[PDB]
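Novice: Quick one: the structure is below, questions incoming.
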Amino acid sequence: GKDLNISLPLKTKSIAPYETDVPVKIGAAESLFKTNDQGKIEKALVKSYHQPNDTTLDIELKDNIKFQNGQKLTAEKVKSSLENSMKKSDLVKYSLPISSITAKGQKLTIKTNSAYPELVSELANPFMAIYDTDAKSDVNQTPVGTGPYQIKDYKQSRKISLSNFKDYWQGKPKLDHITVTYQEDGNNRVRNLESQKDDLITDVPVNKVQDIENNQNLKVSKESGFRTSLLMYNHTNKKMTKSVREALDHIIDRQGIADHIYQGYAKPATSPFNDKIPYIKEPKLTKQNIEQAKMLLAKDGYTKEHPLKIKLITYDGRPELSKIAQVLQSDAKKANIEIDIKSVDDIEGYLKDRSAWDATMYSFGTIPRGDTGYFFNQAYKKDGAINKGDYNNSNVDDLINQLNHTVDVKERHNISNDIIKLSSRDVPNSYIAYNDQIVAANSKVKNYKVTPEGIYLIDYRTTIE
Ligand SMILES: N[C@@H](Cc1c[nH]c[nH+]1)C(=O)O
Ligand SMILES: N[C@@H](Cc1c[nH]c[nH+]1)C(=O)O
Ligand code: NI
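Its first residue numbered 8, the sequence shown is counted upward by one per residue in the entry's author numbering.
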């Protein structure tokens, strides 16, 4: 009828909004702020805000908003949501250095101990989406949000069932039901779309785009966006020396990968951040050099007779990652490295054991809200939530800490470029490609989001005709 089936990669365990951006993606939850289609930060649930000094954020909430269970969105509900999310999530906690929150009616006041200009931007983070902390259901299974579709049932790691929330504050949502199912294999997602088992899929493998394009019942949408694929190193393993990271950095053929593996739907990467961001000063592009890799590896004493052995993790959800792993393995052998590839079903869980891997294929949304600070804090500081390999360098830390309280934007740019320059010397990770997000749908599905932040998908205007 007007039911929509969606097939996504990257199965979840908990679907608490502070554990995953999936509730925001599928239309169940909303943050106080959002980014619009051009990537700029906008008030979402907020009616008005002010910053009377650099440690004070005053917010007035819209007055016409309910949770999906009929409860009013008040300042007190927002206070308990943010406080709960900070308590339960390191990601949220390290992005929001809030010292206190007071609330009355629709107004709340958020304080920090020192200036943190990125605070408003991080309140647009989907992990900071607002839910009813007093709801009498398990937030890990059926969180209650303000979004147009309420989560009604969750089969853990498999399927989410959602229903139209008819009192949604922006307008009557246009679908009756949404069913979301997880499928890690990109080729199966496409087969599900072609056979009409699903209506909307993300992370289309680049080698299926033409097949979908030729189908008049289907359509493909692409967006260059801000997602970067990389090779992430485990810095807790002593064999992963700077010589080893540099060697592997030179075994990668970024240009070749962008052309033949991404078939032109990507650009070769240097830093974490897409070079289409105007103020970023990218480091020099590393070009494949097998001899140099062999040389560097000799420094640590590796040879054809006694090669470096590397356990490399990969996963199917981002479909090109394992294709890259395959060519890395093949090329690395020429440089006296024996790579064992292990593909896993739950990448985030697997990487938690730092004794179980030396490097991993990976992908992250490195600049979702227009500022580089989020990435540096979560990926390059010890215990940052996406720092899977525990990279940390006190000199980089110092610049990051200075960035965090820097208000002048031109100065933020300069410090950010200094962090890029200094950290690149360490090769904390090898950034491979800035790669487009590709979404495909039945041609009857209208008004889903494919925008550069790579987070949103469903909103109250998404429909079926
Ligand atoms: N950050 C990685 C792994 C992941 C799993 N779930 C969410 N993220 C990616 O998005 O590909
Ligand atoms: N999967 C999203 C969100 C995320 C947070 N941590 C890991 N992943 C990304 O990689 O951009
Ligand atoms: Ni991710």
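Using N, Cα and C, we set each Cβ at its ideal position, and we do this for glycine too.
Ligand 2 and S14: does any heavy atom of the ligand fall closer than 7 Å to the residue's C-beta?
Specialist: Within the sequence shown, residue 14 is the residue found at index 7, counting from 1. False, no ligand heavy atom lies under 7 Å from that Cβ.
Novice: Can at least three beta-carbon pairs, one atom from the segment 406–423 and one from the segment 235–252, be found at a separation below 8 Å?
Specialist: no
Novice: At what residues does the alpha helix (DSSP H) containing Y381 begin and finish?
Specialist: Working through the sequence shown from its first residue, we reach residue 381 at position 374. Per DSSP, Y381 belongs to the alpha helix (DSSP H) from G380 to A386.
Novice: Roughly how many angstroms lie between the CA atoms of residue 6 and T149, to the nearest whole one?
Specialist: Absent from the structure is residue 6, since the part of the chain shown begins at 8 and ends at 472.
Novice: Name the two residues that bound the continuous beta strand (DSSP E) containing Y240.
Specialist: Within the sequence shown, residue 240 is the residue found at index 233, counting from 1. Run containing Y240: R234 to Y240, per the beta strand (DSSP E) assignment.
Novice: Secondary structure at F134, three-state DSSP: helix, strand or coil?
Specialist: By 1-based counting over the sequence shown, the position of residue 134 is 127. Three-state result, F134: helix.
Novice: Which residues bound the beta strand (DSSP E) around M368?
Specialist: Within the sequence shown, the letter at position 361 stands for residue 368. For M368, the uninterrupted beta strand (DSSP E) segment begins and ends at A366 to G372.
Novice: Hey, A440 and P290 are a contact pair by Cβ (cut 8 Å); roughly how many whole angstroms apart?
Specialist: Within the sequence shown, the letter at position 433 stands for residue 440. Within the sequence shown, the letter at position 283 stands for residue 290. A440 to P290, Cβ: 15 Å. No contact.
Novice: Heavy atom of ligand 1 less than 7 Å from the Cβ of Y369, yes or no?
Specialist: Position 362 of the sequence shown, counted from the first residue, corresponds to residue 369. Yes, Cβ of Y369 sits closer than 7 Å to a heavy atom of ligand 1.
Novice: CB-CB under 7 Å to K456, same chain, minus the five flanking residues each way: which ones, in chain order?
Specialist: For the purposes of this step, residue 456 is taken as residue 449 along the sequence shown, with counting starting at 1. So the list reads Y463, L464 and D466, once near-sequence residues are dropped.
Novice: Please find out if some non-hydrogen atom of ligand 1 comes closer than 7 Å to the beta-carbon of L464.
Specialist: On the sequence shown, position 457 is the one that residue 464 refers to. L464 Cβ: outside cutoff for every heavy atom of ligand 1.
Novice: Entirely within the segment 396–469 and at least 3 residues each: give me those beta strand (DSSP E) ranges in chain order.
Specialist: 436–442 and 444–449
Novice: With a threshold of 16 other CB atoms inside 10 Å of the CB of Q385, please say whether the residue is buried or exposed.
Specialist: By one-based count along the sequence shown, residue 385 stands at place 378. Result: buried.
Novice: Between the C-alpha atoms of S164 and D352, what's the straight-line distance to the nearest angstrom?
Specialist: For the purposes of this step, residue 164 is taken as the residue at position 157 of the sequence shown. For the purposes of this step, residue 352 is taken as the residue at position 345 of the sequence shown. Cα to Cα, the separation comes out at about 11 Å.
Novice: Please classify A23 as buried or exposed, where buried requires at least 16 other C-beta atoms within 10 Å of its C-beta.
Specialist: Taking the first residue of the sequence shown as position 1, residue 23 is located at position 16. The residue is buried, with at least 16 neighbouring Cβ atoms inside 10 Å.
Novice: Could you tell me whether any non-hydrogen atom of ligand 2 is closer than 7 Å to the CB of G372?
Specialist: On the sequence shown, position 365 is the one that residue 372 refers to. Yes, the beta carbon of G372 sits closer than 7 Å to at least one heavy atom of ligand 2.
Novice: Can you list, in chain order, the residues of its chain with a C-beta nearer than 6 Å to that of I427? Leave out the 5 residues immediately preceding and following it.
Specialist: Start at 1 with the first residue of the sequence shown, and residue 427 comes out as number 420. Only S278 meet the Cβ criterion.
Novice: Report the rounded CA-to-CA distance for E191 versus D360, giving the unit in angstroms.
Specialist: For this step, residue 191 is matched to residue 184 along the sequence shown. For this step, residue 360 is matched to residue 353 along the sequence shown. The alpha-carbon atoms of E191 and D360 are separated by roughly 21 Å.
Novice: What are the residues that DSSP puts in a beta bridge with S228?
Specialist: Looking up residue 228 in the sequence shown gives position 221. Answer is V446, bridged to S228.
Novice: Apply the 10 Å Cβ neighbour rule to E37 and answer buried if 16 or more other Cβ atoms are within range, or exposed otherwise.
Specialist: Taking the first residue of the sequence shown as position 1, residue 37 is located at position 30. Buried, by the Cβ-count rule.
Novice: Let me know if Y286 comes out buried or exposed under the rule of 16 or more other beta-carbons within 10 Å of its beta-carbon.
Specialist: Counting from 1 along the sequence shown, the entry for residue 286 is found at position 279. Under this definition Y286 is an exposed residue.
Novice: Give every residue of the same chain whose Cβ lies closer than 8 Å to the Cβ of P59, excluding the five residues on either side of it in the sequence, and list them in chain order.
Specialist: Mapped onto the sequence shown, residue 59 falls at position 52. Hits under 8 Å: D65.
Novice: Give a single yes or no on whether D397 has its beta carbon closer than 7 Å to a heavy atom of ligand 2.
Specialist: Locating residue 397 in the sequence shown gives position 390, where the first residue counts as 1. Flag unset: Cβ of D397 not near ligand 2.
Novice: Would you kindly work out how many angstroms separate the C-alpha atoms of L52 and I72, rounded to a whole number?
Specialist: Here residue 52 refers to the residue found at position 45 of the sequence shown. Here residue 72 refers to the residue found at position 65 of the sequence shown. The straight-line gap from Cα to Cα measures roughly 8 Å.
Novice: By Cβ distance below 6 Å, which residues in the same chain neighbour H184 in space, the five residues on each side in sequence not counted?
Specialist: Your numbering for residue 184 matches position 177 in the sequence shown. Cβ within range, chain order: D10 and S170.
Novice: Decide yes or no for the touch test of the segment 377–384 against the segment 288–307: beta carbon pairs closer than 8 Å, at least 3 of them.
Specialist: no
Novice: Which same chain residues end up closer than 6 Å to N199 when comparing Cβ atoms and leaving out the 5 residues on each side of it in sequence?
Specialist: By 1-based counting over the sequence shown, the position of residue 199 is 192. For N199, where only same-chain residues beyond five positions count, the Cβ hits under 6 Å are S14 and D205.
Novice: Under three-state DSSP, which class holds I185?
Specialist: Working through the sequence shown from its first residue, we reach residue 185 at position 178. Here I185 sits in strand by DSSP.
Novice: Taking DSSP as the reference, what is the three-state secondary structure of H57?
Specialist: Start at 1 with the first residue of the sequence shown, and residue 57 comes out as number 50. DSSP places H57 in strand when its eight states are reduced to three.
Novice: State the DSSP-derived secondary structure class of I72, mapped to helix, strand or coil.
Specialist: Locating residue 72 in the sequence shown gives position 65, where the first residue counts as 1. DSSP places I72 in coil when its eight states are reduced to three.
Novice: Please report how far the alpha carbon of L303 lies from the alpha carbon of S250, in whole angstroms.
Specialist: In the sequence shown, the residue the question calls residue 303 occupies position 296. In the sequence shown, the residue the question calls residue 250 occupies position 243. Cα-Cα distance, rounded: 6 Å.
Novice: Verify whether the separation of the beta carbon atoms of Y156 and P133 is less than 8 Å.
Specialist: Counting from 1 along the sequence shown, the entry for residue 156 is found at position 149. Counting from 1 along the sequence shown, the entry for residue 133 is found at position 126. No, the pair does not count as a contact, with Cβ atoms beyond the cut-off.
Novice: Ligand 1 and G391: does the residue's C-beta get closer than 7 Å to at least one heavy atom of that ligand?
Specialist: Sequence index remark: in the sequence shown, residue 391 carries index 384 (1-based). Answer for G391: no, Cβ out of range of ligand 1.
Novice: How about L238: is its Cβ closer than 7 Å to a heavy atom in ligand 2?
Specialist: Numbered from 1 along the sequence shown, position 231 holds the residue referred to as residue 238. No.
Novice: Starting from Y156 and walking both ways along the beta strand (DSSP E), at which residues does that stretch end?
Specialist: Locating residue 156 in the sequence shown gives position 149, where the first residue counts as 1. Per DSSP, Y156 belongs to the beta strand (DSSP E) from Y156 to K162.
Novice: Per DSSP, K294 is paired with what?
Specialist: Working through the sequence shown from its first residue, we reach residue 294 at position 287. Beta-bridge pairing links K294 to no other residue.
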